[PDB]
Amino acid sequence: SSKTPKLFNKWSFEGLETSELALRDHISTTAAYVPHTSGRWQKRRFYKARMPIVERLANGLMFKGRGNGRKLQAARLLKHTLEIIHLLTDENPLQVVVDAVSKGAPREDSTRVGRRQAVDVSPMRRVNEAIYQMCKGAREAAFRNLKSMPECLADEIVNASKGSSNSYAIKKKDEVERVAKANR
Amino acid sequence: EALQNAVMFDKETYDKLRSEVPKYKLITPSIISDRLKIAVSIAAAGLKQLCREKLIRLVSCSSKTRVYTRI
Amino acid sequence: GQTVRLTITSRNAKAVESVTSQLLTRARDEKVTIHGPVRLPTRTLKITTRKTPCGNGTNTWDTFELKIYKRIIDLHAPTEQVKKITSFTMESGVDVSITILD
Amino acid sequence: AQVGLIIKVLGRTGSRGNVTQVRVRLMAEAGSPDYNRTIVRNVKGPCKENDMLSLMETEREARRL
Amino acid sequence: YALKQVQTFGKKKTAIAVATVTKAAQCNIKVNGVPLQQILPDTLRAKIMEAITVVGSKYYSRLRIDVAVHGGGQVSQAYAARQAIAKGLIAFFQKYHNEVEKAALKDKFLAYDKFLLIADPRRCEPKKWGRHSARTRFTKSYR
Amino acid sequence: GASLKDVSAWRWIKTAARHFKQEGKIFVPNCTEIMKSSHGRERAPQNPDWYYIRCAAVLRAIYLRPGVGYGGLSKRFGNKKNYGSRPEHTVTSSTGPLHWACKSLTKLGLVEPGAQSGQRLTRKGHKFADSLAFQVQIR
Amino acid sequence: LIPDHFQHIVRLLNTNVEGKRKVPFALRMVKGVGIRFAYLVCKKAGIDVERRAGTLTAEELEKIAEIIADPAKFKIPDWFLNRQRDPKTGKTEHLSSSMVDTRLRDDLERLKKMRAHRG
RNA sequence: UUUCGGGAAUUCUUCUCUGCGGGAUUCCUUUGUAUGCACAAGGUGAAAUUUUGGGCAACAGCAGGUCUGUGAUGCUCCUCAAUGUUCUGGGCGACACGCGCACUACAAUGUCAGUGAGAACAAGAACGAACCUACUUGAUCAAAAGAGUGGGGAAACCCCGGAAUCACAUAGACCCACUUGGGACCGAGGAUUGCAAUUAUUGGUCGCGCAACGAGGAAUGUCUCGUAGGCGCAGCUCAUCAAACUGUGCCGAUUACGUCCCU
Ligand SMILES: [Mg+2]
Ligand SMILES: [Mg+2]
Ligand SMILES: [Mg+2]
Ligand SMILES: [Mg+2]
Numbered sequence: 002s003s004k005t006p007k008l009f010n011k012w013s014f015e016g017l018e019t020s021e022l023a024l025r026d027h028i029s030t031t032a033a034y035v036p037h038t039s040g041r042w043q044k045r046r047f048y049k050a051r052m053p054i055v056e057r058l059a060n061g062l063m064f065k066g067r068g069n070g071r072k073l074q075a076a077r078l079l080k081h082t083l084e085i086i087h088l089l090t091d092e093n094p095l096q097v098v099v100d101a102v103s104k105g106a107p108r109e110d111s112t113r114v115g121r122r123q124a125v126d127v128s129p130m131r132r133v134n135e136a137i138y139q140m141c142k143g144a145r146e147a148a149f150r151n152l153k154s155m156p157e158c159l160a161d162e163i164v165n166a167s168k169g170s171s172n173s174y175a176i177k178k179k180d181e182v183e184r185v186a187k188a189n190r
Numbered sequence: 034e035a036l037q038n039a040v041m042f043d044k045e046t047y048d049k050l051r052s053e054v055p056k057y058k059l060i061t062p063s064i065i066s067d068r069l070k071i072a073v074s075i076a077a078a079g080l081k082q083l084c085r086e087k088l089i090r091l092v093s094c095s096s097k098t099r100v101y102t103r104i
Numbered sequence: 014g015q016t017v018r019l020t021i022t023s024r025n026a027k028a029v030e031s032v033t034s035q036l037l038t039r040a041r042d043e044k045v046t047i048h049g050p051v052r053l054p055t056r057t058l059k060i061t062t063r064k065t066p067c068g069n070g071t072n073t074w075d076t077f078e079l080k081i082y083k084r085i086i087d088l089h090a091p092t093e094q095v096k097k098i099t100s101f102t103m104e105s106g107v108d109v110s111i112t113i114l115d
Numbered sequence: 022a023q024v025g026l027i028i029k030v031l032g033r034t035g036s037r038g039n040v041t042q043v044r045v046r047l048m049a050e051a052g053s054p055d056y057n058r059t060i061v062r063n064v065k066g067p068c069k070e071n072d073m074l075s076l077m078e079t080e081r082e083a084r085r086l
Numbered sequence: 007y008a009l010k011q012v013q014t015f016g017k018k019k020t021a022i023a024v025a026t027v028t029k030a031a032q033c034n035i036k037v038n039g040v041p042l043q044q045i046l047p048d049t050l051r052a053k054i055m056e057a058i059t060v061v062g063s064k065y066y067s068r069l070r071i072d073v074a075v076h077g078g079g080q081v082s083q084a085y086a087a088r089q090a091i092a093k094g095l096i097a098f099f100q101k102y103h104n105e106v107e108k109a110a111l112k113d114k115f116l117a118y119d120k121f122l123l124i125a126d127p128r129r130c131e132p133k134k135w136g137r138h139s140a141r142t143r144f145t146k147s148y149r
Numbered sequence: 016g017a018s019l020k021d022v023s024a025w026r027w028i029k030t031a032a033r034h035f036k037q038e039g040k041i042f043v044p045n046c047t048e049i050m051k052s053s054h055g056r057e058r059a060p061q062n063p064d065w066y067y068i069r070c071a072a073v074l075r076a077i078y079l080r081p082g083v084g085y086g087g088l089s090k091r092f093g094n095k096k097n098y099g100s101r102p103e104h105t106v107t108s109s110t111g112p113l114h115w116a117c118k119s120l121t122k123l124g125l126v127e128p129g130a131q132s133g134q135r136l137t138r139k140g141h142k143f144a145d146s147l148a149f150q151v152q153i154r
Numbered sequence: 070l071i072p073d074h075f076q077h078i079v080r081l082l083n084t085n086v087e088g089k090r091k092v093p094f095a096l097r098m099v100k101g102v103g104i105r106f107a108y109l110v111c112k113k114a115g116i117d118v119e120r121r122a123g124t125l126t127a128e129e130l131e132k133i134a135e136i137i138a139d140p141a142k143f144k145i146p147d148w149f150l151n152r153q154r155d156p157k158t159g160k161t162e163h164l165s166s167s168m169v170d171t172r173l174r175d176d177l178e179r180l181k182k183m184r185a186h187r188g
């Protein structure tokens, strides 16, 4: 009598998809109960592309010296974050986060091969950068603030999914893509 | 950043807590702390009362985190 | 009757296994009920010190180790009978002790 | 922003070796122009064959090696 | 009227879990004497419960399982426990059932997680002199 | 039925402590209002019923591990101490308050001086713990 | 609810104390009263430690000031005080509210006059 | 039906202990090969590429360090008011300064007060005792410390080794402030090690906290998986004192798997 898993026993993985055709093979929509898996995901080069996306989010919250290694704490923060996302948008929270990951990184960048020269961005780097910038923007917003980390992280994610410039990740993506057009 | 948040909940802000806070979607102690300009401590105590009288509904709870919504 | 416990201790693994083997062969020759042999955990003594005789250069260390091996055997025999089993040319470096249990 | 499919990796270029040269096929439509078209571009992140790209302008080409 | 019993084990880092599975009147799973619904936190409870929900609860219908775990820490003991329970079900079905049903349970466990049935070989790396840890060298200064 | 270890640890402890306070024959020492629970703490306990909770926790800690002494219990209730500009270290709890707790539970008839060395539950104490566990399950 | 007599600064032992704080943590603003001592004063005065200091009444202030002046009359033990056997007078007492600073200057003048190493 | 005894009685080696063995070899499949030596991806598998981490390591050299390790040493200096030796006292610890390496922080992914579950390496004494520990007493009223029975040549006692990160649906306190953040500096009792505690021991209590510090310019160190980072615990030095070193386990990631721009 097996049944398909739901995250935190509440949120359904059925029908989860990305609209960005170019990122479909690098965002994993595999069902799981909790972010913890304790696997060896860095053994090979592209193996980390099969890690479930919500767990990749949790790994992005263990950053400073005070946060290093605290995975169970990161799981609890994400559980509260998803409930707030559902209240704000009235949608499936899992769909909202994959929309945010699909938009939070620039598709064009400029590097120092040429002055500077404009290059394209590999799909693996686009999803790595979206997670990094969204977690970094929420950590800085909550530093000396009455707002909690779950509330700050929820606002960053819903704004990114809408492409709104009020997101930290969207704002930095507009600057990098604009500069790269200059160095074409 | 003076941030003059009151600690003792006068009668004018008691009306606002019982009238319009229930109409909100996504109630949180920090969210109504700055809407009413009151300390987070008395904001959380005021919300605990509304959960007892069944005026708002609790959604996610933890030892340190509590988020409510409307009925 | 009584129960006699034999304890074998040595610094060298090969000699400790040699002594324990013959003690077992003669015990079976004399038709005695035996418990064991039991291989007790082996301990290692470690000492680590600087290699230089002075204070100059990169600080390097060497660690010296020393291992102790231990076996025990239980027999059901009187004291006079046990002594004939125990008595032979034991190799150098192996300590054998006799005790009577309660 | 059109989409391209990576069909060959032509080695790693630039000083410090953080840029890769590939040739990509503009999938586009089936009858419209720019169909089965190829082009050579520079890519910043880690990539391999059959990866997909988002191209803001499909007009420039990268100098060989 | 005979006793139907098996014993298995699982290991993660330094934790060792030993599970005894016996046919009884009603299902009962305990870890160090504590029922599964009392295990905290909820994250680690859901990890252990995967050994049931992956294959389905109908296969644990009249089994009493007791797990003893020693060594390790909070998280490694949870991972060793779930490996002991999953291996215990396979060992029980191997002894008192045929091969068709056992093989059907085994590939469902492997399709989900390899470490549900096979131990992770990773262990702590030894410390070396001249380093603060396994790999961190001492700070070097030039002036 | 029900027994201890089939229910949550905190809910049992909270229920038993409330039982001690209501019955009102427990012998609270006077020093409980003046002292810290251990020298590894910095401030005094903030719960005015802290002594009843400590006594209930001690009773549960003897149900498991019979024959335990004051030194064993001080490891269970220890913490990590803040030395100012120096690294932190673990300190065991003060055994004086644990001595008072066992003496209070002995006067209630729930603890016996033990067979060889430590402390033990009486038959009455064993009956008390399981009946409380059933009440918790009923809620 | 706010009372009509809430005070943002309360004057106690020649010290301006912030009325927005909880009672024990406003009383530690007096010199000679720490966090450990301030909780004990509230217990001997029968004051709930969950109130704000700005709601304290005039009769409540006089009691707190009297406890701090003579803690031993209210059965606060000797090992709890900050001057247990005065090197000049031999009496056990507690010092507060600018007697801390006056006695500090007395102690250093004592060590300098005899020309000891510490002074 | 469950649960308890660190009753008793049988029989047994899944877990633990260990002396010698087995096991992995590019072994199998397909790529490109470049047909030789091989490589990449997958399979098999506990483990898949020097399996992982160490130890050992040629030949030539440096006027590198050590005459403060030795009953290893040439030449030379002092040698009875000794540069020998012992004893008393002081110094090696002085400071508005400069530089290296650490520890503690600047808070809410927090501080405080509770409650839960839960490691590994180790060490222990010379006619009995000088060493390590458990238990209860002190206790009809504070910490920590007096004291009394016992146990342990150390898989046997400590010990079912109740470590700290951690967790808590604890209906706990605080609310963005140099603040319940921080804990430097200093005052007053008292105990302990020692022949001796002031120029220099170390714990414990009340007070001081009003001392900076709100994330750190130019510069710069280390690092690729059970790793970095975080967290405690043993040993060593040791009568007394670890912000050091040598080991041990616990929680546990981001990034690359490339190049010859800098060195
Ligand atoms: Mg160095
Ligand atoms: Mg701290
Ligand atoms: Mg302050
Ligand atoms: Mg500067």
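Those protein sequence lines, which keep their order, are chains D, Z, U, C, L, A and P.
All the letters of the first sequence, read from the start, carry residue numbers 2 to 115, 121 to 190 under UniProt numbering.
Position in the second sequence (first residue = 1) + 33 = UniProt numbering.
Position in the third sequence (first residue = 1) + 13 = UniProt numbering.
Position in the fourth sequence (first residue = 1) + 21 = UniProt numbering.
Position in the fifth sequence (first residue = 1) + 6 = UniProt numbering.
Position in the sixth sequence (first residue = 1) + 15 = UniProt numbering.
Position in the seventh sequence (first residue = 1) + 69 = UniProt numbering.
All C-beta atoms, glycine included, are put in the ideal place defined by N, C-alpha and C.
Straight-line gap, L:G62 to A:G86 (C-alpha atoms, nearest Å): Position 56 of the fifth sequence, counted from the start, is the residue given in the question as residue 62 of chain L. Position 71 of the sixth sequence, counted from the start, is the residue given in the question as residue 86 of chain A. Using only the alpha carbons, I get a separation of about 47 Å.
C-alpha gap between A:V151 and A:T137, whole angstroms: As a first step, residue 151 of chain A is located in the sixth sequence; it is residue number 136 there, counting from the start. As a first step, residue 137 of chain A is located in the sixth sequence; it is residue number 122 there, counting from the start. If I take the Cα positions, the gap works out to 22 Å.
Counted within 10 angstroms of its Cβ, other Cβ atoms place L:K53 as buried (16 or more) or exposed: Numbered from 1 along the fifth sequence, position 47 holds the residue referred to as residue 53 of chain L. With 16 or more other Cβ atoms within 10 Å, it is buried.
Listed by chain order, chain L residues near U:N72 by CB distance under 9 Å: As a position in the third sequence, residue 72 of chain U is number 59, starting the count at 1. Within chain L, the residues near U:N72 are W135, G136 and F144.
Any C-beta of chain C under 8 Å from that of D:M52: To locate residue 52 of chain D, count along the first sequence from 1; it is residue 51. Not closer than 8 Å to any Cβ of chain C, the Cβ of D:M52 fails to qualify, so no.
Per-residue DSSP class, three states only, for C:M48: What you label residue 48 of chain C is simply residue 27 of the fourth sequence in a count that begins at 1. DSSP, read as helix, strand or coil, puts C:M48 in coil.
Limits of the alpha helix (DSSP H) - the one that A:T30 falls within: Within the sixth sequence, numbered from 1, the residue matching residue 30 of chain A stands at position 15. Taken as a continuous stretch (DSSP letters only), the alpha helix (DSSP H) holding A:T30 covers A24 to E38.
A:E103 at chain P interface by Cβ criterion, 8 Å: As a working note, residue 103 of chain A is residue 88 in the sixth sequence. Nearest CB-CB separation between A:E103 and chain P: not below the 8 Å threshold.
Z:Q82, buried or exposed, once every other Cβ within 10 Å from all chains shown has been counted against 16: As a working note, residue 82 of chain Z is residue 49 in the second sequence. Taking a 10 Å sphere around the C-beta of Z:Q82, we find fewer than 16 other C-beta atoms and assign the residue as exposed.
Cβ-heavy atom distance, L:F144 to ligand 1, below 7 Å: Numbered from 1 along the fifth sequence, position 138 holds the residue referred to as residue 144 of chain L. Yes.
Exposed unless 16 or more other CB atoms sit within 10 angstroms - verdict on D:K179: Within the first sequence, residue 179 of chain D is the residue found at index 173, counting from 1. Buried, since its Cβ has 16 or more Cβ neighbours within 10 Å.
D:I176 versus D:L22 - alpha carbon distance: If you number the first sequence from 1, residue 176 of chain D lands on position 170. If you number the first sequence from 1, residue 22 of chain D lands on position 21. D:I176 and D:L22 have their C-alpha atoms some 19 Å from each other.
Nearest to Z:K58 (by Cα), restricted to the options D:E18, D:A106, D:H87 and D:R46: Reading the second sequence from its first residue, position 25 is the one you call residue 58 of chain Z. Nearest of D:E18, D:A106, D:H87 and D:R46 to Z:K58, Cα basis: D:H87.
Expected contact under 8 Å - CB spacing of A:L120 and A:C46 to nearest Å: The residue given as residue 120 of chain A occupies position 105 in the sixth sequence. The residue given as residue 46 of chain A occupies position 31 in the sixth sequence. Their Cβ separation, rounded to whole angstroms, is 17 Å, which puts A:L120 and A:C46 out of contact at 8 Å.
Member of Z:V92, Z:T61, Z:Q37 and Z:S93 whose CA lies at the smallest distance from the CA of Z:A78: Residue numbering aside, residue 78 of chain Z sits at position 45 when the second sequence is read from its first letter. If you compare the alpha carbons of Z:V92, Z:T61, Z:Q37 and Z:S93 with that of Z:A78, the shortest gap goes to Z:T61.
Outcome for A:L113 when other beta-carbon atoms lying within 10 angstroms are tallied against a minimum of 16: As a first step, residue 113 of chain A must be located in the sixth sequence, where it is residue number 98. A:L113 comes out buried.
CB contact below 8 Å: L:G39 versus chain A: Your numbering for residue 39 of chain L matches position 33 in the fifth sequence. At least one CB of chain A lies nearer than 8 Å to the CB of L:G39.
Backbone CA spacing between A:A59 and A:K40 [nearest angstrom]: For the purposes of this step, residue 59 of chain A is taken as residue 44 along the sixth sequence, with counting starting at 1. For the purposes of this step, residue 40 of chain A is taken as residue 25 along the sixth sequence, with counting starting at 1. So the two alpha carbons sit approximately 24 Å from each other.
Chain A contact for P:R105 (CB, 8 Å cutoff): Taking the seventh sequence and counting its residues from 1, one reaches residue 105 of chain P at position 36. Answer yes: the Cβ-Cβ gap between P:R105 and chain A drops below 8 Å somewhere.
The region 50–67 of chain U touching the region 30–50 of chain C, judged by at least three CB pairs closer than 8 Å: The region 50–67 of chain U, when compared against the region 30–50 of chain C, does not touch it at the 8 Å Cβ threshold.
Chain L contacts from the region 63–89 of chain D (Cβ-Cβ distance under 7 Å): Per Cβ criterion, the list reads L73 and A76.
For D:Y34 and D:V55, the rounded distance between their alpha carbons: Counting from 1 along the first sequence, the entry for residue 55 of chain D is found at position 54. Counting from 1 along the first sequence, the entry for residue 34 of chain D is found at position 33. Taking the CA atoms as reference points, D:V55 sits about 11 Å from D:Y34.
Among A:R101, A:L88 and A:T105, the one whose alpha carbon lies nearest that of A:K95: In the sixth sequence, counting from the first residue as 1, residue 95 of chain A sits at position 80. Residue nearest to A:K95 within the set A:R101, A:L88 and A:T105 is A:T105 (criterion: CA-CA distance).
Touch test, the region 54–68 of chain D against the region 139–148 of chain D, Cβ-Cβ under 8 Å, three pairs minimum: Short answer: they touch.
Cut-off 7 Å between Cβ atoms - residues of its own chain near U:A40, not counting five sequence neighbours on either side: Along the third sequence, read from residue 1 onward, the residue named residue 40 of chain U stands at position 27. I47, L88 and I98.
Contact list for C:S75 against chain D, beta-carbon separation under 7 Å: Numbered from 1 along the fourth sequence, position 54 holds the residue referred to as residue 75 of chain C. What C:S75 touches in chain D: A23 and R108.
Any C-beta of chain A under 8 Å from that of L:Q80: The sequence position of residue 80 of chain L within the fifth sequence is 74, counting from 1. No, its Cβ sits nowhere closer than 8 Å to a Cβ of chain A.
Minimum C-alpha distance to D:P36 - residue among D:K7, D:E18, D:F47 and D:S20: Position 35 of the first sequence, counted from the first residue, corresponds to residue 36 of chain D. It is D:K7.
Touching by the beta-carbon criterion (3+ pairs, under 8 Å), the region 64–79 of chain C and the region 13–24 of chain L: With the rule of 3 Cβ pairs closer than 8 Å, the region 64–79 of chain C does not count as touching the region 13–24 of chain L.
Within chain A, the residues that L:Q32 reaches when beta carbons sit closer than 7 Å: The sequence position of residue 32 of chain L within the fifth sequence is 26, counting from 1. Listed along chain A, no residue sits closer than 7 Å to L:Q32 by beta-carbon distance, the nearest being about 14 Å off.
Member of L:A25, L:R88, L:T142 and L:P132 whose CA lies at the smallest distance from the CA of L:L123: Start at 1 with the first residue of the fifth sequence, and residue 123 of chain L comes out as number 117. Nearest option by C-alpha distance: L:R88.
Residues from the region 55–72 of chain Z in contact with chain D, defined by Cβ distance under 8 Å: Of all residues in the region 55–72 of chain Z, the ones placed with a Cβ closer than 8 Å to any Cβ belonging to chain D are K58, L59, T61, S63, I64, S66 and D67, in chain order.
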